[PDB]
Amino acid sequence: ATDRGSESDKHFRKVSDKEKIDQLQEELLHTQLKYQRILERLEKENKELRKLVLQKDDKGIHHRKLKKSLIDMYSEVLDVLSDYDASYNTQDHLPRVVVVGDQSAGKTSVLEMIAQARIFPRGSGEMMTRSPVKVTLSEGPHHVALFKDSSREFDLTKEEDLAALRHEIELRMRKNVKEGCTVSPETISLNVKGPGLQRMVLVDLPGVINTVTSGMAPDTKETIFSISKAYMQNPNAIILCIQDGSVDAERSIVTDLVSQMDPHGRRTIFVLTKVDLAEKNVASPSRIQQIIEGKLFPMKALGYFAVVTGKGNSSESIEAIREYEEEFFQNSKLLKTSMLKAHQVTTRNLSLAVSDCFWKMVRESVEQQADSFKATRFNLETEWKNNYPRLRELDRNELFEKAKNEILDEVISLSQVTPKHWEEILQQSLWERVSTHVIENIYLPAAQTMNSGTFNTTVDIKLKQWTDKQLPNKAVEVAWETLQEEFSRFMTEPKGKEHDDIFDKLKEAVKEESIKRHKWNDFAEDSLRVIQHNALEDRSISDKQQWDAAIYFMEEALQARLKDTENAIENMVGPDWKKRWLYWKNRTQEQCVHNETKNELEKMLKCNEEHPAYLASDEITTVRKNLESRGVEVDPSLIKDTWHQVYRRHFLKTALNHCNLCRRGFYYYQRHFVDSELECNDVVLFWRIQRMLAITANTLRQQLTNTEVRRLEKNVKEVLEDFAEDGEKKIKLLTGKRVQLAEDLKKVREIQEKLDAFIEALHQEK
Amino acid sequence: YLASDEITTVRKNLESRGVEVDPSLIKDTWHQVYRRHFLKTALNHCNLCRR
Amino acid sequence: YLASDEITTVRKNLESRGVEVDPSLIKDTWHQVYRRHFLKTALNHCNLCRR
Amino acid sequence: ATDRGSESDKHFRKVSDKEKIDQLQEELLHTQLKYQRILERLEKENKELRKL
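Residues numbered from 1 in each chain as written, not as in the entry; some residues may be left out. Chains lettered and ligands numbered in written order. Part of a larger assembly, values for the part shown. Heavy atoms only, no water.

- Per the deposited record, the coordinates in this entry were obtained by cryo-EM to a resolution of 9.68 Å.

## Let's talk about the pattern of salt bridges
Residues and elements named next belong to chain A.
At step 1: The tally for this structure, following the rule as stated, stands at 64 salt bridges over all chains.
At step 2: Ionic pairing is found between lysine 579 and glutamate 570, a salt bridge with its closest N-O pair at 2.9 Å.
At step 3: Residues joined by salt bridges that share partners form a network here, namely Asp248, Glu250, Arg251, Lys280 and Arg287. (Salt bridge = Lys/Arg side-chain N within 4 Å of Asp/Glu carboxyl O.)

## Comments concerning the sheet that holds strand β2 (residues 133-139) of chain A
Residue and element names in this part refer to chain A.
At step 1: Here we have nine strands laid out as an open sheet, ordered β4-β3-β5-β2-β6-β1-β7-β8-β9, and mixed in their pairing. In this open sheet, the two edge strands, each paired with only one partner strand, are β4 (153-155) and β9 (303-306). Taking each pair of neighbouring strands and ignoring which way they run, the sheet shows an average axis angle of 25°.
At step 2: Two strands pair when backbone bridges link them, and strand β1 (residues 96-101) and strand β6 (residues 200-204) are joined in this way by three bridges, in the parallel orientation. Residue pairing for β6: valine 98 is matched across the bridge by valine 203.
At step 3: Those strands touched by helix α3 (residues 70-84) are β1, β2, β5 (189-194) and β6, and its axis lies near 155° from that of β2. (Pairing = 2+ DSSP bridges. Helix = DSSP H or I, 4+ residues; strand = E, 2+ residues; numbered from the N terminus. Axes fitted to C-alpha atoms, helices over the stretch in contact; angles between N-to-C directions. Contact = heavy atoms within 4.5 Å.)

## Re the interface of chain A and chain D
At step 1: Across the contact, nine residues belong to chain A and eleven residues belong to chain D.
At step 2: Of the roughly 930 Å² buried between chain A and chain D, counting both surfaces, carbon and sulfur atoms make up 40%.
At step 3: When residues of chain A are sorted by the area they lose upon contact with chain D, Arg41, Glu45 and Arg390 of chain A head the list and together hold 53% of the total.
At step 4: Run the count over chain A and chain D and you get one salt bridge.
At step 5: Here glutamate 43 of chain D makes a salt bridge to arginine 41 of chain A, at a shortest N to O gap of 3.9 Å. (Buried area = accessible area lost by both parts, 1.4 Å probe.)

## Notes on the state of the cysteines
At step 1: All chains considered together, the criterion is met by one disulfide over all chains.
At step 2: Put simply, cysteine 662 of chain A and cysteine 680 of chain A are joined by a disulfide, and their sulfur atoms are 2.0 Å apart. Taking the torsion about the sulfur-sulfur bond, which here is approximately -105°, the covalent link between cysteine 662 of chain A and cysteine 680 of chain A counts as left-handed. You can see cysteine 662 of chain A sitting in helix α24 (residues 636-662) and its partner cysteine 680 of chain A sitting in the loop between α25 (667-671) and α26 (682-725), a full 18 residues away along the chain. The pair formed by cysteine 662 of chain A and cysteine 680 of chain A is uniform in burial state, with each residue classed as buried.
At step 3: Distance from the sulfur of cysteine 46 of chain B, which forms no disulfide, to the nearest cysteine sulfur (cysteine 49 of chain B) is 7.4 Å. (Disulfide = S-S within 2.5 Å. Buried < 20%, exposed > 50% of the residue type's maximum accessible area, 1.4 Å probe, protein only.)

## Looking at the environment of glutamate 423 of chain A
Residue and element names in this part refer to chain A.
At step 1: Here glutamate 423 lies in helix α15 (residues 419-446).
At step 2: In this structure the C-alpha to C-alpha distance between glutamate 423 and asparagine 176, which are 247 residues apart in sequence, comes to 64 Å.
At step 3: When residues no more than four places from it in sequence are discounted, the contact partners of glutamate 423 are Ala694, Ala697, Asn698 and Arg701.

## Focus on the packing of helix α14 (residues 396-415) of chain A against helix α17 (residues 471-492) of chain A
All names here are of chain A.
At step 1: Remark: α14 packs on α17, axes separated minimally by 9 Å, with the N-to-C direction vectors making an angle of 135°. The orientation of α14 with respect to α17, classified from their angle, is oblique. Considering how the two elements wind past one another, α14 and α17 form a crossing that is right-handed. Of the residues in α17, those touching α14 at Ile407, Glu410, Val411, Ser413 and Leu414 are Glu486, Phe487, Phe490 and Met491. (Parallel < 35°, antiparallel > 145°, perpendicular 65-115°, else oblique. Left-handed = near helix turned anticlockwise from the far one by under 90°.)

## Details of the packing of aromatic side chains
At step 1: Counted under the stated rule, the structure contains 20 aromatic pairs over all chains.
At step 2: Taking 6.5 Å as the distance between ring centres and 25° as the angle between the ring planes, the aromatic pair formed by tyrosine 34 of chain B and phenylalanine 38 of chain B counts as stacked. Here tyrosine 34 of chain B and its partner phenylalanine 38 of chain B are both found in helix α2 (residues 23-49), four residues apart, which amounts to about one turn of the helix.
At step 3: A residue is classified by how much of its surface remains accessible, and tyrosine 34 of chain B, at 38% relative accessible area, is partly exposed.
At step 4: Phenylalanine 38 of chain B sits in the partly exposed class, given a relative accessible area of 47%.
At step 5: Aromatic ring contacts, followed pair by pair, group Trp431, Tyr443, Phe455, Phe553, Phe651 and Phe686 of chain A into a single cluster.
At step 6: We note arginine 172 of chain A situated over the ring of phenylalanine 147 of chain A; from NZ or CZ to the ring centre the distance is 5.4 Å. (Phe/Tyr/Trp six-rings, centres within 6.5 Å; stacked < 30°, edge-to-face > 60°. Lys NZ or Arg CZ within 6 Å of the ring centre and 35° of its normal.)

Rendered as structure tokens:
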């Protein structure tokens, strides 16, 4: 009966087991015992095994080194840096080649010709030219392509495999775009190999635009720039600024972006596309010599190159395009009249120049960055050792788990708090809540009568009205606030040295929510009405022990109000004479007036202690006139306030003297003696109220401990589950641990492996 | 706040006396005794702060 | 034998009076303290067996 | 540095890391790598519920 919810949960949990254990033991623990060990065999070993099947097709041993070209190994290096941190802050560490240019300028054809195959999709000329791809370029004995995330090898000399390759890229391309924008940053990684291909890694970035039309979002112009600027920021990048040769160089759009990362073109190269279509330029030195020497641009490049990207056909074969490129420059005026120099034309020269810079920079740069990222682990280890004693047990998610368990443990312990403490809290709160009605409305008007039956009648009328209307509602409010306040205390107590600040954030978020998901059963108001009445209903003090308990509670309740009245009267009337001459506590004029009015009312009460609270109005006039005669200024309001305080003091102190007489009042009642003024009936009232306070507190405690506290535990578990699923709450709560710093120390181990393995490959090769 | 070691050192010290004590008895008795000490000190500080 | 927590009560009474003490100084002091009590009680039992 | 608890803890950590790369542990890793292949490949067959 003390608690019932846990029994129900255990019962139905056992029933669920009895019916479904032959499945639940298999699903829940059997497999899960091995779950931590199963995943490496299930997924990692699977990725290796199929890669080993392709290595078996290669017929080269996986263990023995020199299995792959140094640049093919360097693609994995860049990929691991991208995975560890895709921001430019980490891209800056290693060489890259950026392929950027005006929209639909043929830059994709430039990259494909450098790759010696039509590897990228060209399905459309608007959305398919404004999305990124990345391709590594490697030496090989055969022109073959392989994705990071696929075991399939593509034959680059056949239309079917090139089409499938373009299809896979396209499937990634047409999805890695914000809706409407059609432009989003994302990584697609292909490794293209073959004879004549150089040691590079080229990133084709969304085509650059200057204006927006009805078929595109207005933001599209900015998003492209944001992507375009991202890879250009790399100080170790070779930036191929690819411009459409059919339009004025002064009108280049990409240039105005390149100048934001290299204002003078120090690390940039100029590429002139559509040379065999822009006849107005390739046939005239006055344009070409400026465009290719670096006089028509603000950019002073690493080099300047001219290429043929296709005769307006977005799907033209790369092989035919290269053959036509070699034929065109010989056909064109440009070679004869030396407007373009022989080393400034065709795919070969551009590829070789960028290859030499990039690859020589890569051999030196990878030798630096292995130690850079290993040094970053050493730098991460100084901070982590200094911030906290060496420890990695905790985690952001584990912070939620630990705060969850702390909260549920405190909620349970709350449910098993000694009940007696619950009743003590409820009893004291109830008395503080009710004493105002007890004395101001019930006792004060009732005990001024000269008949015990009228005392009890006034008391009982006020008690019936009060126990029916306000008192039950007040008790229910007290119980609600008691439960919520004790819950808050368990959630927040700074338990000395055993307190953990980190969890506090969750304790506040749950404490708020758990309270709002609980409501107290309103029916209590009616039950209390009955119960309260019953506790009052016992008006019979049968023996000395209950007589003394009754007198005790009456003395306590009346002494509190008497002390309050006496403090008010002392402030109102002023200091005593002793203070006035020993501490020079001189009275104010109001205090003197109040003192004289008090003296008037007090002589009246001293002569006749039976006087009721209410005076005649002509008496107020007589009090004013007698006060005016002696020389004291007084008005009916001063008399009424002074009267109220003074009569209450007289009333309560007379009640306590009646306590002093009740303590030894028993023989007079057996005599039925007629001259006996003493009748001790207030004692019964305060006895009844003490017992009613006890009964109300205990009933509220029982409702709390068997019905409401278990509902609170259920609501808290629901709140904790809802917060556990909420990723944002975990992000914005329980953020204090230093584990985040250690996560970098551990994660950069992939970059450390790729770089060192690449350097040892440089040492096996030379 | 009494830590669990402080509570246990009180529990066993009383068990050695033969008094039968548990962590909740001590936690609540400690709260009352400590608050008595703390509030009397606070009233002494009341008297001090006057000057 | 003193219960693992009986060592904790010996520590509390000593900690309250101002004596730094640890469970190893309670086990060594106790092994010598009970070797002596036991044997001297045995010899007093000799004194009583004699009659 | 002598008779310093933090220096003693750093000395204790350096000796502990060498034991972690002891030949016992190294042989354990080498044998475990083959043991990961041994009594393995049954798991992919086990996931199937058709027999069940």
